[PDB]
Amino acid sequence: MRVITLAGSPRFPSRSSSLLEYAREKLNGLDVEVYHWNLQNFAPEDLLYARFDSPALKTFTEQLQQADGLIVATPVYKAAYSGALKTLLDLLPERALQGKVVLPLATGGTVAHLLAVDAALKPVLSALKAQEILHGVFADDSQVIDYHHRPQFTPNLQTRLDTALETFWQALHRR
């Protein structure tokens, strides 16, 4: 089993990337090979001006083709996913998530926003032909206690992340 993790935050490090470093620890223990990407791995001109001959884009698309699932994480901006994340999603092949399980993580100031962000992501991930979109998981900015070093999360948040990642693994393993 191989998994892609993608941080969609405009900053690095971020709350988004700290959630994915926690996920990679767990997935390392479950003998899942993880390819981890953030938006700062790409040339900004290639994202903003939608240039498909980016080197990194080819390597990302190759690793996505080999992946059984995707954990994608985004800050909540204007009641939706980040535009920074969407610039990369817009560069992927038309059926890039076919065959794959997707776990979406969202970070922000209030969980009241999760439903709107789930609803914004659904058509995009469905356009990419995701095989299985898991329910979105919200992490409150106040519960991500430190994101510059090894992640520190409140214990409620850890348990909720562990639970969602176990659902994700079971979803992959079933397939």
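Residue positions are given as counts along the sequence shown, with the first one as 1.
A.B. asks: Taking only the CA atoms, which stretch has the higher mean B-factor in the record, 141 to 149 or 41 to 49?
C.D. replies: Of 41 to 49 and 141 to 149, the stretch with the higher C-alpha B-factor average is 141 to 149.
A.B. asks: I need to verify one thing: averaged over C-alpha atoms only, is the B-factor higher for 7 to 15 or for 159 to 167?
C.D. replies: In the deposited entry, the stretch with the higher C-alpha B-factor mean is 7 to 15.
A.B. asks: Among the candidates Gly29, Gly109, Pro123, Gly136, give the one with the maximum CA B-factor reported in the record.
C.D. replies: Result of the comparison over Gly29, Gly109, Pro123, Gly136: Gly109.
A.B. asks: According to the deposited entry, which of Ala130, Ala119, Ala56, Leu64 has the largest Cα B-factor?
C.D. replies: In the PDB entry, the greatest C-alpha B-factor among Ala130, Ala119, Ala56, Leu64 is found at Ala56.
A.B. asks: Would you mind checking where the Cα B-factor of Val34 ranks among the modelled residues of its chain, as the lowest, middle or highest third?
C.D. replies: Tercile = middle for this residue's CA B-factor.
A.B. asks: C-alpha B factor of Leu115, ranked within the chain: lowest, middle or highest third?
C.D. replies: Within its chain, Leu115 is a highest-third residue by C-alpha B-factor, going by the deposited values.
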